[PDB]
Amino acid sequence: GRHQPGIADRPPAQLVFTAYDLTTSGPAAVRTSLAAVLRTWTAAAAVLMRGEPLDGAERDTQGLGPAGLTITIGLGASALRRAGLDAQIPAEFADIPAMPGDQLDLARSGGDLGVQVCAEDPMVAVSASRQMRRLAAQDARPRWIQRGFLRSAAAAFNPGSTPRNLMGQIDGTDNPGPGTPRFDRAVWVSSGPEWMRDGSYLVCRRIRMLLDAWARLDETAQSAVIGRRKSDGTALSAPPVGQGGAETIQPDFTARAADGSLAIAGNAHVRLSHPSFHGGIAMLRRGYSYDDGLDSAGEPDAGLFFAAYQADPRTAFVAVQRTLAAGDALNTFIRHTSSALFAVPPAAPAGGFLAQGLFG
(Lines of atoms letter the chains of each structure in order from A and count residues from 1; the text may use other names and numbers.)
(Lines give C-alpha, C1' and ligand atoms only; values in the text may rest on other atoms or scores of the structure.)
Protein backbone atom coordinates (compact mmCIF):
# COMPACT_ATOMS: atom_id res chain seq x y z
CA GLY A 1 0.00 0.00 0.00
CA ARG A 2 2.10 2.88 1.32
CA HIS A 3 5.53 1.24 1.26
CA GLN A 4 7.83 -0.28 -1.31
CA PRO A 5 8.00 -4.08 -1.05
CA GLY A 6 11.19 -5.83 -0.06
CA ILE A 7 11.53 -4.24 3.38
CA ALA A 8 8.82 -5.65 5.64
CA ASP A 9 8.64 -8.84 3.53
CA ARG A 10 10.51 -11.82 4.97
CA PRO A 11 13.86 -11.86 3.10
CA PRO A 12 14.11 -14.75 0.62
CA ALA A 13 17.17 -16.82 -0.20
CA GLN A 14 18.78 -14.65 -2.90
CA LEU A 15 19.94 -11.03 -3.19
CA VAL A 16 21.39 -9.00 -6.05
CA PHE A 17 22.09 -5.41 -5.03
CA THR A 18 23.23 -2.99 -7.72
CA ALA A 19 24.32 0.60 -7.20
CA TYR A 20 24.15 2.78 -10.33
CA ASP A 21 25.69 6.11 -11.35
CA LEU A 22 23.89 8.51 -13.67
CA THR A 23 26.02 8.91 -16.77
CA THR A 24 25.18 12.43 -17.97
CA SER A 25 26.48 15.69 -16.45
CA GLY A 26 24.98 18.98 -15.35
CA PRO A 27 22.06 19.59 -12.99
CA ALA A 28 19.33 20.07 -15.60
CA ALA A 29 20.45 17.01 -17.59
CA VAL A 30 20.96 14.87 -14.49
CA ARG A 31 17.50 15.90 -13.21
CA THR A 32 15.92 14.77 -16.47
CA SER A 33 17.84 11.47 -16.43
CA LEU A 34 16.98 10.76 -12.79
CA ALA A 35 13.27 11.19 -13.45
CA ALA A 36 13.50 9.11 -16.63
CA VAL A 37 15.13 6.16 -14.85
CA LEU A 38 12.74 6.32 -11.90
CA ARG A 39 9.78 6.47 -14.28
CA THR A 40 10.92 3.46 -16.30
CA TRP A 41 11.99 1.46 -13.26
CA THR A 42 8.76 2.00 -11.35
CA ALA A 43 6.71 0.61 -14.22
CA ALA A 44 9.06 -2.27 -15.01
CA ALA A 45 9.43 -3.33 -11.39
CA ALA A 46 5.64 -3.65 -11.14
CA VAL A 47 5.42 -5.82 -14.27
CA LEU A 48 8.25 -8.03 -13.03
CA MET A 49 6.85 -8.42 -9.53
CA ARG A 50 3.43 -9.39 -10.92
CA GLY A 51 5.17 -12.14 -12.91
CA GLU A 52 4.05 -10.57 -16.22
CA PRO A 53 6.18 -10.59 -19.39
CA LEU A 54 8.41 -7.51 -19.66
CA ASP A 55 8.83 -6.15 -23.18
CA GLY A 56 12.35 -6.84 -24.38
CA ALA A 57 13.20 -9.33 -21.64
CA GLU A 58 15.49 -12.33 -22.00
CA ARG A 59 14.21 -15.91 -21.85
CA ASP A 60 16.49 -16.75 -18.89
CA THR A 61 13.46 -17.33 -16.63
CA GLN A 62 11.28 -19.06 -19.22
CA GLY A 63 9.74 -22.07 -17.50
CA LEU A 64 9.93 -20.51 -14.01
CA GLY A 65 7.41 -19.00 -11.62
CA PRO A 66 7.87 -15.63 -9.86
CA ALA A 67 9.70 -16.99 -6.78
CA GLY A 68 8.88 -14.16 -4.36
CA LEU A 69 10.60 -11.52 -6.48
CA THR A 70 10.79 -8.09 -4.89
CA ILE A 71 12.46 -4.99 -6.31
CA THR A 72 13.25 -2.08 -3.96
CA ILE A 73 14.63 1.22 -5.28
CA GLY A 74 16.55 3.95 -3.45
CA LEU A 75 18.17 7.28 -4.26
CA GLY A 76 21.66 8.28 -3.22
CA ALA A 77 22.24 11.76 -1.86
CA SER A 78 24.63 12.25 -4.79
CA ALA A 79 21.69 11.89 -7.18
CA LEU A 80 19.94 14.85 -5.58
CA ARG A 81 23.19 16.83 -5.37
CA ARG A 82 24.03 16.15 -9.02
CA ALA A 83 20.45 17.09 -10.02
CA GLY A 84 20.53 20.38 -8.13
CA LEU A 85 17.89 19.11 -5.68
CA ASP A 86 19.99 19.84 -2.58
CA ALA A 87 17.15 21.71 -0.87
CA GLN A 88 15.12 18.48 -0.76
CA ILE A 89 17.74 16.41 1.09
CA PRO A 90 16.18 15.90 4.55
CA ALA A 91 18.25 16.15 7.71
CA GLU A 92 18.05 12.35 8.10
CA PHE A 93 19.70 11.92 4.65
CA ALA A 94 23.06 13.22 5.93
CA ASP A 95 26.16 11.44 4.69
CA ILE A 96 27.46 8.48 6.69
CA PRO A 97 30.60 9.80 8.41
CA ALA A 98 33.96 8.11 8.19
CA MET A 99 34.48 5.98 11.24
CA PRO A 100 37.49 4.34 12.90
CA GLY A 101 38.47 1.05 11.34
CA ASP A 102 36.74 1.80 8.03
CA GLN A 103 38.38 0.13 5.02
CA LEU A 104 35.92 1.33 2.41
CA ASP A 105 36.54 0.47 -1.22
CA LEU A 106 35.48 3.61 -3.11
CA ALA A 107 34.54 1.56 -6.19
CA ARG A 108 32.15 -0.54 -4.09
CA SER A 109 30.70 2.40 -2.16
CA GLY A 110 28.05 5.06 -2.61
CA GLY A 111 26.03 5.39 -5.81
CA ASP A 112 23.35 7.71 -7.24
CA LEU A 113 20.76 4.89 -7.27
CA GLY A 114 20.39 1.57 -5.50
CA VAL A 115 18.34 -1.44 -6.60
CA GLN A 116 17.74 -4.31 -4.17
CA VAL A 117 16.52 -7.42 -6.02
CA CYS A 118 15.39 -10.31 -3.82
CA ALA A 119 13.93 -13.66 -4.81
CA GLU A 120 13.89 -17.24 -3.63
CA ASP A 121 15.42 -18.41 -6.93
CA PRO A 122 18.93 -17.32 -8.03
CA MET A 123 18.11 -17.14 -11.75
CA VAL A 124 15.00 -15.05 -11.04
CA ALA A 125 17.04 -12.60 -8.97
CA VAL A 126 19.91 -12.29 -11.45
CA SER A 127 17.46 -12.06 -14.37
CA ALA A 128 15.38 -9.27 -12.88
CA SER A 129 18.51 -7.40 -11.83
CA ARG A 130 19.79 -7.52 -15.40
CA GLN A 131 16.46 -6.29 -16.76
CA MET A 132 16.55 -3.27 -14.48
CA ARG A 133 20.10 -2.65 -15.69
CA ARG A 134 19.11 -2.90 -19.37
CA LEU A 135 16.21 -0.48 -18.96
CA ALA A 136 18.42 2.20 -17.34
CA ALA A 137 21.39 1.75 -19.69
CA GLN A 138 21.12 5.05 -21.57
CA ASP A 139 21.02 7.06 -18.32
CA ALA A 140 22.82 5.00 -15.67
CA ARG A 141 25.46 2.26 -15.37
CA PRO A 142 26.25 -0.09 -12.49
CA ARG A 143 28.89 1.20 -10.09
CA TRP A 144 29.00 -1.96 -7.97
CA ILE A 145 27.10 -5.23 -7.69
CA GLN A 146 26.78 -7.53 -4.67
CA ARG A 147 25.23 -10.99 -4.76
CA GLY A 148 24.16 -12.42 -1.42
CA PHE A 149 22.27 -15.38 -0.02
CA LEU A 150 20.45 -16.78 3.00
CA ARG A 151 19.14 -20.24 3.77
CA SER A 152 16.33 -21.42 1.51
CA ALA A 153 12.72 -21.99 2.51
CA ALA A 154 12.79 -25.50 1.06
CA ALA A 155 15.75 -26.68 3.15
CA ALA A 156 14.77 -24.93 6.37
CA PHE A 157 12.93 -26.96 9.00
CA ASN A 158 10.68 -23.89 8.99
CA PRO A 159 11.01 -21.09 6.41
CA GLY A 160 10.39 -18.52 9.15
CA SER A 161 13.35 -19.45 11.35
CA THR A 162 15.93 -16.74 11.91
CA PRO A 163 18.87 -17.21 9.48
CA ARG A 164 22.34 -18.17 10.60
CA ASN A 165 25.26 -16.18 9.25
CA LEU A 166 28.65 -17.49 8.15
CA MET A 167 29.98 -17.06 11.68
CA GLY A 168 27.39 -19.62 12.76
CA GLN A 169 25.38 -17.05 14.72
CA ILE A 170 21.63 -16.67 14.80
CA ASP A 171 21.31 -13.29 13.08
CA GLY A 172 18.14 -11.20 13.50
CA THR A 173 16.66 -12.13 16.89
CA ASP A 174 16.19 -8.59 18.24
CA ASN A 175 14.96 -7.09 14.97
CA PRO A 176 11.52 -5.52 15.34
CA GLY A 177 8.83 -7.82 14.00
CA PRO A 178 7.02 -6.87 10.79
CA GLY A 179 3.53 -5.49 11.31
CA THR A 180 4.19 -4.15 14.81
CA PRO A 181 4.19 -0.52 15.99
CA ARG A 182 7.81 -1.07 17.08
CA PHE A 183 8.70 -1.93 13.46
CA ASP A 184 6.81 1.04 12.02
CA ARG A 185 8.51 3.40 14.48
CA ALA A 186 11.98 2.00 13.77
CA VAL A 187 11.70 1.67 10.00
CA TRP A 188 9.33 4.20 8.38
CA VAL A 189 9.81 7.97 8.06
CA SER A 190 6.76 9.71 9.54
CA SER A 191 7.72 13.41 9.47
CA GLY A 192 9.69 15.87 7.40
CA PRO A 193 9.71 16.46 3.65
CA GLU A 194 6.70 14.82 2.06
CA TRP A 195 8.60 12.90 -0.62
CA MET A 196 10.26 10.67 1.98
CA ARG A 197 7.34 10.07 4.40
CA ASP A 198 6.44 6.35 4.40
CA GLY A 199 9.93 5.79 2.99
CA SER A 200 12.92 4.38 4.84
CA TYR A 201 16.67 4.99 4.83
CA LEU A 202 18.89 2.05 3.86
CA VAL A 203 22.54 1.69 4.92
CA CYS A 204 24.57 -0.97 3.12
CA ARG A 205 27.93 -2.19 4.43
CA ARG A 206 29.84 -5.05 2.77
CA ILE A 207 31.42 -6.51 5.91
CA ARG A 208 34.13 -9.10 5.33
CA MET A 209 34.41 -11.80 8.00
CA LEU A 210 37.87 -13.09 9.00
CA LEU A 211 36.55 -16.61 9.24
CA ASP A 212 39.89 -18.41 9.64
CA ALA A 213 40.68 -16.29 12.68
CA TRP A 214 37.11 -16.75 13.95
CA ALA A 215 37.42 -20.54 13.73
CA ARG A 216 40.43 -20.55 16.07
CA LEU A 217 38.19 -19.49 19.00
CA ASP A 218 36.21 -22.07 20.91
CA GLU A 219 32.46 -21.54 21.15
CA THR A 220 32.72 -20.08 24.66
CA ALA A 221 35.02 -17.35 23.33
CA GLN A 222 32.92 -16.83 20.20
CA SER A 223 29.76 -16.49 22.29
CA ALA A 224 31.47 -13.91 24.52
CA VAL A 225 32.28 -11.74 21.47
CA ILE A 226 28.55 -11.30 20.75
CA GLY A 227 27.07 -11.62 24.23
CA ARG A 228 24.81 -14.54 23.21
CA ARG A 229 25.32 -18.29 23.13
CA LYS A 230 26.27 -19.50 19.68
CA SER A 231 24.32 -22.72 20.28
CA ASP A 232 20.83 -21.35 20.93
CA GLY A 233 21.05 -17.56 20.62
CA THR A 234 20.22 -16.89 24.28
CA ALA A 235 21.72 -13.94 26.11
CA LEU A 236 24.67 -14.95 28.28
CA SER A 237 22.92 -13.20 31.20
CA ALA A 238 19.98 -15.59 30.82
CA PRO A 239 19.79 -19.40 31.11
CA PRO A 240 20.25 -21.52 27.99
CA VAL A 241 17.29 -23.17 26.33
CA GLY A 242 16.39 -26.21 28.44
CA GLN A 243 17.25 -24.46 31.73
CA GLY A 244 14.47 -21.88 31.37
CA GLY A 245 15.98 -19.91 28.50
CA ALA A 246 14.34 -18.46 25.43
CA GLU A 247 15.80 -16.18 22.81
CA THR A 248 13.14 -13.52 23.53
CA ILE A 249 14.58 -13.01 27.04
CA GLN A 250 16.35 -9.65 26.81
CA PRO A 251 20.02 -9.26 27.78
CA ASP A 252 20.67 -8.03 31.33
CA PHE A 253 23.80 -5.92 31.25
CA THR A 254 24.59 -6.02 34.97
CA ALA A 255 23.95 -9.73 35.61
CA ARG A 256 26.84 -11.83 36.87
CA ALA A 257 27.69 -15.26 35.53
CA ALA A 258 28.08 -18.30 37.79
CA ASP A 259 31.84 -17.66 38.04
CA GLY A 260 31.15 -14.13 39.31
CA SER A 261 32.19 -12.34 36.12
CA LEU A 262 30.03 -9.87 34.23
CA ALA A 263 27.82 -12.18 32.20
CA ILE A 264 27.77 -10.03 29.06
CA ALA A 265 31.19 -8.53 28.42
CA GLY A 266 31.65 -4.78 28.41
CA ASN A 267 32.78 -5.06 24.79
CA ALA A 268 30.10 -7.52 23.64
CA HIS A 269 28.49 -6.71 20.30
CA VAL A 270 24.96 -6.93 21.71
CA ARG A 271 25.85 -4.65 24.64
CA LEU A 272 27.23 -1.93 22.39
CA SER A 273 24.37 -2.11 19.84
CA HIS A 274 21.39 -2.53 22.16
CA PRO A 275 18.67 0.17 21.94
CA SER A 276 18.95 0.87 25.68
CA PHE A 277 22.37 2.43 25.00
CA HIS A 278 21.00 4.46 22.08
CA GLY A 279 17.85 6.17 23.26
CA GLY A 280 15.63 3.19 22.55
CA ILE A 281 16.31 3.46 18.81
CA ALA A 282 16.07 0.20 16.87
CA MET A 283 16.73 -0.72 13.27
CA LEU A 284 15.71 -3.44 10.83
CA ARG A 285 18.75 -5.52 9.86
CA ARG A 286 17.93 -7.20 6.55
CA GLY A 287 21.35 -8.43 5.52
CA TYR A 288 22.57 -11.34 3.42
CA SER A 289 25.56 -13.61 3.66
CA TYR A 290 28.04 -13.24 0.80
CA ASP A 291 30.93 -15.31 -0.51
CA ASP A 292 32.90 -13.74 -3.36
CA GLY A 293 35.59 -16.42 -3.50
CA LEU A 294 39.11 -15.03 -3.33
CA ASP A 295 40.07 -11.36 -3.45
CA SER A 296 42.87 -9.99 -5.63
CA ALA A 297 45.56 -11.33 -3.27
CA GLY A 298 44.20 -14.87 -3.11
CA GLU A 299 42.67 -14.48 0.30
CA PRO A 300 39.11 -15.58 1.12
CA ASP A 301 36.48 -12.84 0.76
CA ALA A 302 33.17 -13.79 2.40
CA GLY A 303 31.06 -12.09 5.02
CA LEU A 304 27.84 -10.22 5.63
CA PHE A 305 26.29 -7.74 3.25
CA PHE A 306 24.76 -5.64 5.99
CA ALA A 307 21.56 -3.84 4.92
CA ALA A 308 19.72 -1.88 7.64
CA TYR A 309 16.49 0.12 7.27
CA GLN A 310 15.65 2.95 9.68
CA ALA A 311 13.69 6.18 9.93
CA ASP A 312 16.87 8.11 10.82
CA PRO A 313 20.39 6.76 10.11
CA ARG A 314 21.87 9.40 12.40
CA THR A 315 20.34 7.81 15.50
CA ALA A 316 20.27 4.21 14.24
CA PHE A 317 23.13 2.99 12.03
CA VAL A 318 25.54 5.85 12.62
CA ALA A 319 25.04 6.14 16.38
CA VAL A 320 25.42 2.37 16.81
CA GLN A 321 28.40 2.01 14.46
CA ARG A 322 30.24 4.85 16.25
CA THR A 323 29.98 2.82 19.46
CA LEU A 324 30.93 -0.45 17.75
CA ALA A 325 33.97 1.10 16.05
CA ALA A 326 35.29 2.31 19.39
CA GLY A 327 35.12 -0.96 21.29
CA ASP A 328 33.29 -3.97 19.84
CA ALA A 329 34.95 -7.34 20.47
CA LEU A 330 33.63 -8.28 17.03
CA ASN A 331 35.97 -5.75 15.38
CA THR A 332 38.85 -8.26 15.55
CA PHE A 333 37.00 -10.50 13.10
CA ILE A 334 35.32 -8.11 10.61
CA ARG A 335 36.26 -5.40 8.10
CA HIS A 336 33.84 -2.87 6.63
CA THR A 337 34.78 -2.81 2.94
CA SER A 338 31.96 -0.62 1.58
CA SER A 339 29.26 1.84 2.61
CA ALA A 340 26.24 3.28 0.84
CA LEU A 341 23.23 5.25 2.06
CA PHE A 342 19.98 5.30 0.04
CA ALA A 343 16.70 7.13 0.57
CA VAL A 344 14.05 4.50 -0.24
CA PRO A 345 10.86 6.47 -1.01
CA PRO A 346 7.22 5.50 -0.40
CA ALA A 347 5.32 3.50 -2.98
CA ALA A 348 4.27 5.48 -6.04
CA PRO A 349 0.57 6.19 -6.59
CA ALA A 350 -1.17 4.54 -9.51
CA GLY A 351 0.30 5.93 -12.72
CA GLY A 352 3.04 7.81 -10.85
CA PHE A 353 6.67 6.96 -10.19
CA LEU A 354 9.02 6.71 -7.24
CA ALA A 355 10.18 10.04 -5.78
CA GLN A 356 8.03 11.92 -8.32
CA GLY A 357 7.55 14.76 -5.79
CA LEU A 358 11.18 15.83 -6.22
CA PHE A 359 10.37 16.98 -9.75
CA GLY A 360 7.51 19.38 -8.92
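Numbers follow the displayed sequence, beginning with 1.
Student: Where do the C-alpha atoms have the higher mean temperature factor in this entry, in 173-181 or in 248-256?
Tutor: The deposited B-factors put 173-181 ahead on the C-alpha mean.
Student: Per the record, averaged over C-alpha atoms, which has the higher B-factor: 24-32 or 307-315?
Tutor: Comparing averages over the C-alpha atoms only gives 24-32.
Student: Pick out which of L113, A125, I145, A87 has the highest C-alpha B-factor in the PDB entry.
Tutor: That would be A87, according to the entry.
Student: Reading the B-factor column of the entry, which of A215, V189, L150, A265 has the highest value at its C-alpha atom?
Tutor: That would be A215.
Student: When the modelled residues of the chain are sorted by Cα temperature factor, does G357 land in the lowest, middle or highest third?
Tutor: Its C-alpha B-factor, which the entry lists for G357, ranks in the middle third among residues of this chain.
Student: Please rank the C-alpha B-factors of the chain's modelled residues and tell me whether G76 sits in the lowest, middle or highest third.
Tutor: For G76, the deposited C-alpha B-factor lands in the lowest third.
Student: Quick one: classify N331 as lowest, middle or highest third of the chain based on its Cα B-factor.
Tutor: Answer is middle: the recorded C-alpha B-factor places it there.
Student: Could you place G160 in the lowest, middle or highest third of its chain by Cα temperature factor, using the values in the record?
Tutor: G160: CA B-factor falls in the middle third of its chain.
Student: Lowest, middle or highest third: where is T70 by Cα B-factor in its chain?
Tutor: For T70, whose C-alpha B-factor we compare with every modelled residue in the chain, the answer is the lowest third.
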